[PDB]
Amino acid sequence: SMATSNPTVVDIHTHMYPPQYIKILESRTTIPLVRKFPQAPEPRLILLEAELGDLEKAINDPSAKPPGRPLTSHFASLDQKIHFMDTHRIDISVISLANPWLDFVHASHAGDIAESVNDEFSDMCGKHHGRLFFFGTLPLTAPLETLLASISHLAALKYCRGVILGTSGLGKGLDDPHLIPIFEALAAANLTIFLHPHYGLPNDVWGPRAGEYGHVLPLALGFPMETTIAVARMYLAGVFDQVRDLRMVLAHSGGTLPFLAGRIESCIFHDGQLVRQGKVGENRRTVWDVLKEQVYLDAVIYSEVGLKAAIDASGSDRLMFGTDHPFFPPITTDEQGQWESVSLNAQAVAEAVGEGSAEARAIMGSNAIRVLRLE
């Protein structure tokens, strides 16, 4: 019995909220916040602009449908994380703080809250040696020297393997030139970036009836689209050519990137301004080059259709399995049993590359172990 018969399964897309972070979320009035209501036995976690028109309604009425999503024991409990892993035959998790990280924290307290949280994550991973690693979080509201010291901390921090971060960066996007030395620091520290959505799109794009459709529009369309816009702006700004040893893992198989790379390239090629400014040269690095050299994709796509396009774009050696625990728990079955949300992704892997093939082993664990040095 050997490694191939009994492979190491790894989930690289799995979130927590440590107790301190909830303490902050509870003591808040604007997004993000956690607030207990009488009807639902669990505190309601409210994170999105779309959840707002339901919060302003459930504050002036105790009969109204509860806002946001349930804050369960799955967000905070580590034993809960381990239990989920054991039920789903996951061997190793790479845990990360969930959206919106520290992006709202005031510039002054940010650094210290960052240090505290990342220390906590490292302690958690310490509780189960071998099975836990983490993407740390950055205080991007803090000024440059705090940021750099934070990165230095992470690079020294046990069990750490990268950082997770959203698409606003320093408040101007990811193509913001002031971001560069931070990328450079990350790159030099060998800290892999897990880029992840949160802000989605302007709430108005969803139309008037949007509340009839639950969280579907913002979570299924808004998140992946946000990720695609972020990375495409990163790319058009030249961040990848400029910071060559930068390594990013995109949430939700790059959002819609694999599907649109063709279109992006064709649009570049055919852009009057871009060609006449000498930007469409023949030695240019394409979206495809970045997709094969600098960017990795998670396999959180829920179907072999998307998974197959993701694999086409990046290669099966650049895909990594995830679950997005615990944001999509079972409603009508036991939260302690099998999660449909996991089994869809496993099924997509199986249908895309075959059960037990070498590509399946790579996507289910090996790629992650190699790329994120999980020793």
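Throughout, we count residues from 1 along the sequence that is shown.
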Checklist entry - Which has the higher mean CA temperature factor in the PDB entry, 194-202 or 274-282? => result 274-282
Checklist outcome for this item: Of 307-315 vs 52-60, the stretch with the larger average CA B-factor in the entry is 52-60
Next on the checklist: I'd like to know which of 226, 212, 115, 91 has the highest C-alpha temperature factor in the PDB entry.
Outcome noted: 115
Checklist entry - Of the options 111, 222, 258, 208, which has the highest CA B factor as deposited? => result 111
Item to check | Ranked against its chain, the third holding the CA B-factor of residue 23 | outcome: highest
Checklist entry - Which third of the chain holds residue 104 when residues are ordered by C-alpha B factor: lowest, middle or highest? => result highest
Next on the checklist: Test of reading the entry: by CA B factor among the chain's modelled residues, which third contains residue 145?
Outcome noted: highest
Checklist entry - Compared with the other modelled residues in the chain, in which third is the CA B-factor of residue 175? => result middle
Checklist outcome for this item: residue 340: C-alpha B-factor third of its chain, per the entry, is the lowest
